[PDB]
Number of protein chains: 4
Amino acid sequence: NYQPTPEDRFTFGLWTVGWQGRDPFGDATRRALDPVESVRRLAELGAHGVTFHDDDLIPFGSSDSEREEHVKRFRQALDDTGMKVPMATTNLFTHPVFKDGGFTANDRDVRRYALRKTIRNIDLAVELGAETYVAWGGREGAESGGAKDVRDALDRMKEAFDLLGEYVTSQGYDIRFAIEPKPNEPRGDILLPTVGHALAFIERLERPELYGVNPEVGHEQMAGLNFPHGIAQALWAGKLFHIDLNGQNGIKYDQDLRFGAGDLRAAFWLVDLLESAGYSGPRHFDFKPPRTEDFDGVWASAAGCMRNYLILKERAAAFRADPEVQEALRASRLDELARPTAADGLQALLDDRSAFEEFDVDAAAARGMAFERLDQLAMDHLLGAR
Amino acid sequence: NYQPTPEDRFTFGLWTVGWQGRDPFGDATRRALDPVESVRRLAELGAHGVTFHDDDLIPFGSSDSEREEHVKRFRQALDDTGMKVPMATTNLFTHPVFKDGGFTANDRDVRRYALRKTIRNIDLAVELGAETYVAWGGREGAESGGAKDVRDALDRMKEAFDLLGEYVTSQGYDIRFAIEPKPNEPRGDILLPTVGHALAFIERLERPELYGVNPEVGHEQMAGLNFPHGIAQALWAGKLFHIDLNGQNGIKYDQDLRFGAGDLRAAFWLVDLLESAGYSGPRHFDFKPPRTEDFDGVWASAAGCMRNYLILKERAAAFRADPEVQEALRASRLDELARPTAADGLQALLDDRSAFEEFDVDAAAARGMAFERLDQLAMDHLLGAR
Amino acid sequence: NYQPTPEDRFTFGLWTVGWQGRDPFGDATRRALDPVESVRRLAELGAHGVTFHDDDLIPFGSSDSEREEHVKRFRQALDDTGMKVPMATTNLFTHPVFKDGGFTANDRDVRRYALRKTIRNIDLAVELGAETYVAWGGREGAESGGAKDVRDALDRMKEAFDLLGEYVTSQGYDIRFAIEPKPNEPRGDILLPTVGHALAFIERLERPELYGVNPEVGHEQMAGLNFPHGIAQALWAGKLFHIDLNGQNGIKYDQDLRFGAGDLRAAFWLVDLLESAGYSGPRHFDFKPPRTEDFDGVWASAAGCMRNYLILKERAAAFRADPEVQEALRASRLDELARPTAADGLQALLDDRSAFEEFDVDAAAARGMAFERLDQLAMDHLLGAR
Amino acid sequence: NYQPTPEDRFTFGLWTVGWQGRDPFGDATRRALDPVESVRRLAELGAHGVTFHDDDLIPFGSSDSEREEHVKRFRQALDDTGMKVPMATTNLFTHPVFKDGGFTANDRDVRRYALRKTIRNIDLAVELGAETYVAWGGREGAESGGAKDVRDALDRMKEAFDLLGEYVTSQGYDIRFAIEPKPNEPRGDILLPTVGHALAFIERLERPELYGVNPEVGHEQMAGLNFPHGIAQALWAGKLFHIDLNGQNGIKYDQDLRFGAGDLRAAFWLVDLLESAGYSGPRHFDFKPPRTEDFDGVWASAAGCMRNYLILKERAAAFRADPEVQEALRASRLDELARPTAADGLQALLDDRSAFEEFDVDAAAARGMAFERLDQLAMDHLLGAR
Ligand SMILES: [Mg+2]
Ligand SMILES: [Mg+2]
Ligand SMILES: [Mg+2]
Ligand SMILES: [Mg+2]
Ligand SMILES: [Mg+2]
Ligand SMILES: [Mg+2]
Ligand SMILES: [Mg+2]
Ligand SMILES: [Mg+2]
């Protein structure tokens, strides 16, 4: 009954099930989890692997000696469980030194420190076998207009990512970068606030082939945007390197609900798209078990993430395989959308009198699109009424 | 007292002061304006020029004979007033044939018709001396998930813009295209919903140098985004070809208030940015005089657009020239943001022990950014308290 | 298979399936429907009844003679089909005279005209057997701060509703009023913008027992509010006289999607609440078939409204009847929420040392709420995985 | 130059300038402030008084002995400075025991504990001379639909407030309660989410005269609502007992910016309303100095709160005193809005043929409202261009 296996490629951040429940108005409600027990519990639930910030695994300020001991304990748990580490990232947001950003801090010495902290963790990520390195610039931004010249900040952001790209190519590392956008919180406005802004920025880097996006369901929805549409544009550009799955109820603070919560129909269309397009990367959950929950609720919440993906996967597959849906797709002319507008070329189009001079505009306008019948078949499939 | 002259490059769409006041719930409250009287009245107000949709100037369905007479009347009014036409665009949204889009309609024959309708108006725009041709894909989108395969739609959108680019280069026209993003309305979700999505899409076109963005204040604010930040990224990419100025009160329907209304502080930071960066294109107002107004209120509203720009221009210039503000900018290290993070290169950075091993993280964290004092000086300048 | 019957009390506005598809940017895509054919088609679909604005049934400006003929045709169709008319309302928003409002227009003569137009339709509504009279003040509001003194406007709004209440009591009519809130559109801000504001206003009227609320799914969601929570407060106050069912995708223009579209999980919790609380009024759909659709799509969209309600009704009933869910409700202490905090009284509470002096705050804090397991059971029931 | 004095009645929460800068993603950037030094520094800035949560003044878990010493130190600083304490409140949100709420927690023993914790602080507030006791139910709410039966929760909320009202009347205390609404954060949805919901709830309490609202600028704007409109309705109902002043940039997390930041024009219309209506309560700032700031930035931010109020007060007064504005108000018929619609009564209205039968609807519709000229005069006054 919708049981995950490591072949489903479900992954979790250490910081997700490990979130102690401290929010802007309240103290932690759960004790800290040992990264080793998180790996063990996730493996029993059917997870494929885990991800980490440097500071999740190695407490900030650790000596090189303690650092080695933390990695060895972690590596032993991975060996014992068969869990993989497909992605890693840097914490450039918790420590007070990053209060005005890491890569785009106004202070130059902070920017240099941020780069050195990142490079150190890239080495560790490669050693653990990570294939994607995520950058979430949570402190890159501003609360007021004069605090940040955004053109200069984008220069600094490009400089930082270009240097990271020079570092991985000079070391011969087989790792790629993924930028994770977020529109706001904790800064009043964050630089590169949506998937689109991040995709546009990547095209200005020196080695654009090394960089893609790591979109998160809830973050695009914090701007009221259609997440499946944004994912489709990232896939269209060949830039969907990784994805963060969770839930969000509209435009408000970043909720990080378990996947399937929040906008359920958007979750259906997302799974339909990822499975149809053959996305083969990790299905990563960046979620927070609500601070109302004890540790039993943490693992129930994590299990629910994977369960909801598998239920939606089944429903989307039944939707696409239904002959009546295939009939409805043709009635709405989805087949015609996939055909070129003018494969005959510009000159043939200009000479084609049926495209303008003799085009019956009233007859074309009278054709219904039959979209509502199609959408109700999708609803019926989602709800199990077909 | 803040009087505009044609040297200020203020322009208005015919459809702005010409809006009759029909909204989704109500009939028109004003009679239609002759395009010739709009040109005359705007010239008396100090405007530099006007813009038009094809269907604003030539009523849909006009014969070639009536078309010639409409253009000649319009050209005579331009000659009589000295008004310019710096931009033109196509109406691909009003007629029922465009109910599922123009360039990305599911029906192939509609897509071909949309291209022919656009090409015809490009010829006219060039004849009138327009330098920028704007495309607002208001019907390109969907209300439901299955109605539009977004990857196929982006293929169709790229095909359409590539064909337009082939057309202007083969004709030898000196005109460039600007895509105007909008996140929603009238479609449930519109393709290329923000400046970022449009910038990313442009980089996939065959001749990207021909295409830029035409951002609108209110449209980015309909996604809760920081409009000056988005403009800065467009300037950083070299893609700000045109701009639509107006006002918007938050995330809701597209209000198109007169410029300066809505988010007043964002308007200040926008003008500061455009003037500092030396933007030399038209200051175009895409606004709607509220349907509460008679024709006297229409011209008062249009005059207010230009007045508010000139007041904000004065205040932003006083802000940047104030020695105390220049002192505060250095106190907040805006000068350091403009300096390279690592002009010494990657290897020097890796060997620099002051960037990590010997970096005093507690001393750097204790430095205040002094952003609040800087922002209050900006407030004082905006309010005329300095 | 989820077939509606008139016993389900599904009703539709004439203006819903009759919407011609004119939006702020486009002309109508469908021809006008005769109110008589709408009644016939809805009856065949299983609807219980219809609702109307005065101007939906009797074209504005009609003579008393034409008025009588329009009512007689309509009454004959009701007799032929068995359809009821449970609710009626006034159009105080389409005609230009209402551009600054009806009851709160700045012009006194418009306010008097608005009252007379309303009173005339109350008489007709009573004659047709309507039990609820809805008031949606779509033009009561402002785009700018100085245009409307809101305290004076609330005086005028109270005066108007008090006069309507005096009229129905003096005539001996058995009809009640329901105020329909909306936060914005077509005005920049609308007075009484949410269910809460309307409930508070009602308590200041001379005869508060005559007035309740007519909340609409999409309107509360245009403020990002939880619609089932707002309905619960209206039920708690005894003021849910009527309800408008539809769908909305977040904070944007009023979409009026078919019910079940938009926020699907909120639709589930709404149906669960209405059915558990024993709401016995009409299930009214205020929706607009998208303008992409021809007339076949209109009736498919209307049928989908009722189908989705019946599917959700089945799923919510299975959720509440599931013994495992009843167990989970007790594990989350929903039973304790229903028990008085201090039925022993204030003095016993003050003397109860187990409530403070000897309360084990750490042991209470450690109890998990088990909310995530409960919410996943709700998800499983909604998706038909149980 | 816009200097505050204690006669301006500016007050600050201890938790405002005392905020250490811990946010959901980052550690504190400032050390804790002694409440005594906050009182001294605020007095030097011209503040009138301070407010506190119980846990701001007396650390949680303090013995009665330490409690007495904390109050005595605080009282001495008030005596030394002349600072007043006009308002106090309870922290029912930080400690883990309150993770599912205080007054509406599902666990009955937590609800009883919450009441006892509140009653203890009411005694202290009265001893310090507070006139208003604020309740912000930050944890009263839910992240999921089944976790909270909202009708039962409203019963529990009414029970709690009724008991507090019985307590203050039985003790003979001269204190009133003010409910502070917030739509979300830290809960997914918070009960009584707006001013309207809180006003409606108050009317169901046993002694409604004891309860009013404490609206906060940013909280109503988190629902996209017009804050001056909501304040006007609270004033109209006689329920504006207190107010929280700050700034917010649209629909997102609760920013608590200094007053005047965020929506500047809404701040102008708010001050215009408070001063015109003769609001005589405290001008309380509930704001957070951004965590980018050191302690010098904290006091600059607090000073900016008061400065911006005084500048806006001057501009609103000049606006209302300008003869040209008074002329424009009559041109827009604000005088007619203040006059009764039908002081002649219902029967005279029904017999008045000029209100309907002979009303010239086309002539009334043609009248412009002149709102745009009025709004530009307001803009000119705000910007100091008049
Ligand atoms: Mg998130
Ligand atoms: Mg993430
Ligand atoms: Mg617009
Ligand atoms: Mg525009
Ligand atoms: Mg609606
Ligand atoms: Mg409605
Ligand atoms: Mg706040
Ligand atoms: Mg507050």
# chains A, B, ... in the order shown; residues from 1 in each chain; ligands from 1
$ residues_near_ligand --ligand "ligand 7" --cutoff "8 Å" --atoms "only C-alpha atoms and all ligand atoms" --output "list in words"
residues 182, 216, 217, 218, 219, 246, 254, 255, 256, 286 and 287 of chain D
$ residues_around --residues "residue 197 (chain B)" --least-positions-apart "6" --cutoff "10 Å" --atoms "only C-alpha atoms" --output "list in words"
residues 194, 195, 196, 197, 198, 199, 200, 230, 233 and 234 of chain A; 181 and 191 of chain B
$ write_last_selection --atoms "N, CA, C and O atoms" --output "tab-separated table (two decimals), in the first residue's frame"
chain	number	residue	atom	x	y	z
A	194	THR	N	12.98	34.22	-7.90
A	194	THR	CA	12.19	33.14	-8.47
A	194	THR	C	13.06	32.30	-9.38
A	194	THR	O	14.20	32.67	-9.69
A	195	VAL	N	12.51	31.16	-9.81
A	195	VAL	CA	13.17	30.29	-10.79
A	195	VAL	C	13.62	31.08	-12.01
A	195	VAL	O	14.72	30.87	-12.53
A	196	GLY	N	12.77	31.99	-12.49
A	196	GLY	CA	13.10	32.74	-13.70
A	196	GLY	C	14.32	33.62	-13.51
A	196	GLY	O	15.23	33.63	-14.35
A	197	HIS	N	14.36	34.38	-12.41
A	197	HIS	CA	15.51	35.23	-12.14
A	197	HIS	C	16.79	34.41	-12.05
A	197	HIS	O	17.85	34.84	-12.52
A	198	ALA	N	16.72	33.23	-11.43
A	198	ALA	CA	17.90	32.38	-11.31
A	198	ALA	C	18.32	31.83	-12.67
A	198	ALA	O	19.51	31.80	-12.98
A	199	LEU	N	17.36	31.41	-13.49
A	199	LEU	CA	17.71	30.92	-14.83
A	199	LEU	C	18.38	32.01	-15.65
A	199	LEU	O	19.35	31.75	-16.38
A	200	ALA	N	17.89	33.25	-15.55
A	200	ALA	CA	18.47	34.35	-16.32
A	200	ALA	C	19.88	34.66	-15.85
A	200	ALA	O	20.77	34.94	-16.67
A	230	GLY	N	6.71	26.84	-13.65
A	230	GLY	CA	8.11	27.20	-13.48
A	230	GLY	C	9.03	26.02	-13.68
A	230	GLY	O	10.10	26.15	-14.28
A	233	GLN	N	9.45	25.39	-17.39
A	233	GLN	CA	10.44	26.27	-18.01
A	233	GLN	C	11.86	25.84	-17.66
A	233	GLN	O	12.76	25.91	-18.52
A	234	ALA	N	12.10	25.40	-16.42
A	234	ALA	CA	13.42	24.90	-16.06
A	234	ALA	C	13.78	23.64	-16.85
A	234	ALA	O	14.91	23.50	-17.32
B	181	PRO	N	6.22	41.21	-19.16
B	181	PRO	CA	5.70	40.12	-18.34
B	181	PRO	C	4.50	40.56	-17.51
B	181	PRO	O	4.32	41.73	-17.19
B	191	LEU	N	2.11	32.77	-19.11
B	191	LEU	CA	3.46	32.32	-19.38
B	191	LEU	C	4.44	33.50	-19.34
B	191	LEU	O	4.09	34.63	-19.68
$ closest_atom_pairs --of "region 298-342 of chain C" --to "region 2-15 of chain C" --cutoff "9 Å" --atoms "only C-alpha atoms" --output "CSV"
residue,atom,partner,partner_atom,distance
C:302,CA,C:12,CA,8.5
C:303,CA,C:4,CA,8.8
C:306,CA,C:4,CA,6.6
C:307,CA,C:2,CA,5.9
C:308,CA,C:2,CA,8.5
C:310,CA,C:2,CA,6.0
C:311,CA,C:2,CA,6.6
$ write_last_selection --atoms "N, CA, C and O atoms" --output "PDB file, in the first residue's frame"
ATOM      1  N   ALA C 302     -20.877  23.528 -15.002  1.00  0.00           N
ATOM      2  CA  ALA C 302     -21.926  23.537 -13.986  1.00  0.00           C
ATOM      3  C   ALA C 302     -22.135  22.149 -13.385  1.00  0.00           C
ATOM      4  O   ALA C 302     -22.287  22.011 -12.165  1.00  0.00           O
ATOM      5  N   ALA C 303     -22.160  21.108 -14.225  1.00  0.00           N
ATOM      6  CA  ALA C 303     -22.289  19.751 -13.698  1.00  0.00           C
ATOM      7  C   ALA C 303     -21.133  19.413 -12.765  1.00  0.00           C
ATOM      8  O   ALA C 303     -21.330  18.767 -11.726  1.00  0.00           O
ATOM      9  N   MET C 306     -21.553  20.465  -9.015  1.00  0.00           N
ATOM     10  CA  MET C 306     -22.351  19.596  -8.162  1.00  0.00           C
ATOM     11  C   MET C 306     -21.649  18.269  -7.919  1.00  0.00           C
ATOM     12  O   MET C 306     -21.670  17.749  -6.796  1.00  0.00           O
ATOM     13  N   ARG C 307     -21.025  17.710  -8.959  1.00  0.00           N
ATOM     14  CA  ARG C 307     -20.296  16.455  -8.815  1.00  0.00           C
ATOM     15  C   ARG C 307     -19.222  16.565  -7.737  1.00  0.00           C
ATOM     16  O   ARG C 307     -19.111  15.699  -6.861  1.00  0.00           O
ATOM     17  N   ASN C 308     -18.432  17.642  -7.772  1.00  0.00           N
ATOM     18  CA  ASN C 308     -17.333  17.763  -6.822  1.00  0.00           C
ATOM     19  C   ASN C 308     -17.843  17.896  -5.396  1.00  0.00           C
ATOM     20  O   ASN C 308     -17.247  17.336  -4.473  1.00  0.00           O
ATOM     21  N   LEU C 310     -20.556  16.475  -4.261  1.00  0.00           N
ATOM     22  CA  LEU C 310     -21.020  15.154  -3.830  1.00  0.00           C
ATOM     23  C   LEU C 310     -19.857  14.202  -3.566  1.00  0.00           C
ATOM     24  O   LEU C 310     -19.935  13.364  -2.659  1.00  0.00           O
ATOM     25  N   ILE C 311     -18.776  14.295  -4.348  1.00  0.00           N
ATOM     26  CA  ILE C 311     -17.614  13.454  -4.070  1.00  0.00           C
ATOM     27  C   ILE C 311     -17.002  13.837  -2.729  1.00  0.00           C
ATOM     28  O   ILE C 311     -16.692  12.973  -1.900  1.00  0.00           O
TER      29      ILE C 311
END
$ interface_residues --of "chain B" --to "chain C" --cutoff "6 Å" --atoms "only C-alpha atoms" --output "PyMOL selection string"
chain B and resi 23-27+29+94+96+99+252-253+292
$ write_last_selection --atoms "N, CA and C atoms" --output "compact mmCIF listing (two decimals), in the first residue's frame"
# COMPACT_ATOMS: atom_id res chain seq x y z
N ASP B 23 -15.10 47.64 -16.88
CA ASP B 23 -14.34 46.70 -16.07
C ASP B 23 -15.17 45.42 -15.99
N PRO B 24 -14.74 44.35 -15.29
CA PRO B 24 -15.48 43.08 -15.40
C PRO B 24 -16.91 43.17 -14.89
N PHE B 25 -17.25 44.21 -14.14
CA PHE B 25 -18.53 44.31 -13.47
C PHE B 25 -19.34 45.53 -13.89
N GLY B 26 -18.89 46.29 -14.88
CA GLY B 26 -19.54 47.56 -15.16
C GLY B 26 -19.32 48.03 -16.57
N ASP B 27 -20.27 48.81 -17.06
CA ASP B 27 -20.21 49.39 -18.39
C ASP B 27 -19.30 50.61 -18.41
N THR B 29 -17.94 54.31 -18.55
CA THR B 29 -18.40 55.56 -17.97
C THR B 29 -17.98 56.78 -18.78
N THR B 94 -7.96 41.00 -27.29
CA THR B 94 -9.35 41.44 -27.17
C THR B 94 -10.31 40.56 -27.95
N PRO B 96 -12.32 37.56 -29.59
CA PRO B 96 -12.57 36.18 -29.12
C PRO B 96 -11.67 35.12 -29.74
N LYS B 99 -8.91 33.74 -27.47
CA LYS B 99 -9.33 33.40 -26.12
C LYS B 99 -8.38 32.40 -25.46
N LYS B 252 -3.20 41.93 -6.00
CA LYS B 252 -4.62 41.94 -6.35
C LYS B 252 -4.69 42.14 -7.86
N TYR B 253 -5.89 42.42 -8.37
CA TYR B 253 -6.06 42.68 -9.79
C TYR B 253 -5.16 43.84 -10.23
N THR B 292 -14.32 56.43 -12.06
CA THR B 292 -15.02 57.49 -11.35
C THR B 292 -14.86 58.86 -12.01
$ atom_distance --atom1 "CA of residue 263 (chain B)" --atom2 "CA of residue 224 (chain B)"
11.4 Å
$ residues_around --residues "residue 238 (chain C)" --least-positions-apart "5" --cutoff "10 Å" --atoms "only C-alpha atoms" --output "ChimeraX atom specification"
/C:209,212-213,232-233
$ select_by_dssp --residues "region 255-346 of chain C" --states "helix (DSSP H, G or I)" --output "VMD selection string"
chain C and resid 264 to 276 295 to 321 323 to 331 334 to 337 346
$ residues_around --residues "residue 78 (chain A)" --least-positions-apart "2" --cutoff "10 Å" --atoms "only C-alpha atoms" --output "PyMOL selection string"
chain A and resi 36+39-40+43+49-50+72-76+80-85+128
$ atom_distance --atom1 "CA of residue 167 (chain A)" --atom2 "CA of residue 355 (chain B)"
16.3 Å
$ residues_around --residues "residue 153 (chain D)" --least-positions-apart "3" --cutoff "7 Å" --atoms "only C-alpha atoms" --output "list in words"
residues 337 of chain C; 104, 149, 150, 156 and 157 of chain D
$ closest_residue --among "D:53, D:318, D:162, D:146" --to "residue 125 (chain D)" --atoms "only C-alpha atoms"
D:53
$ atom_distance --atom1 "CA of residue 342 (chain B)" --atom2 "CA of residue 115 (chain A)"
9.7 Å
$ residues_around --residues "residue 361 (chain A)" --least-positions-apart "2" --cutoff "9 Å" --atoms "only C-alpha atoms" --output "list in words"
residues 356, 358, 359, 363, 364, 365 and 366 of chain A; 96, 97, 110 and 113 of chain B
$ write_last_selection --atoms "C-alpha atoms" --output "PDB file, in the first residue's frame"
ATOM      1  CA  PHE A 356      -4.868  36.123 -42.756  1.00  0.00           C
ATOM      2  CA  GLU A 358      -9.028  34.466 -46.039  1.00  0.00           C
ATOM      3  CA  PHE A 359      -8.883  33.321 -42.402  1.00  0.00           C
ATOM      4  CA  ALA A 363     -15.469  30.400 -37.111  1.00  0.00           C
ATOM      5  CA  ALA A 364     -12.197  29.929 -35.235  1.00  0.00           C
ATOM      6  CA  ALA A 365     -13.472  32.042 -32.332  1.00  0.00           C
ATOM      7  CA  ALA A 366     -16.616  29.925 -31.997  1.00  0.00           C
TER       8      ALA A 366
ATOM      9  CA  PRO B  96     -12.570  36.180 -29.123  1.00  0.00           C
ATOM     10  CA  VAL B  97     -10.305  34.321 -31.571  1.00  0.00           C
ATOM     11  CA  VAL B 110      -4.858  30.867 -34.737  1.00  0.00           C
ATOM     12  CA  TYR B 113      -3.065  34.329 -37.818  1.00  0.00           C
TER      13      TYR B 113
END
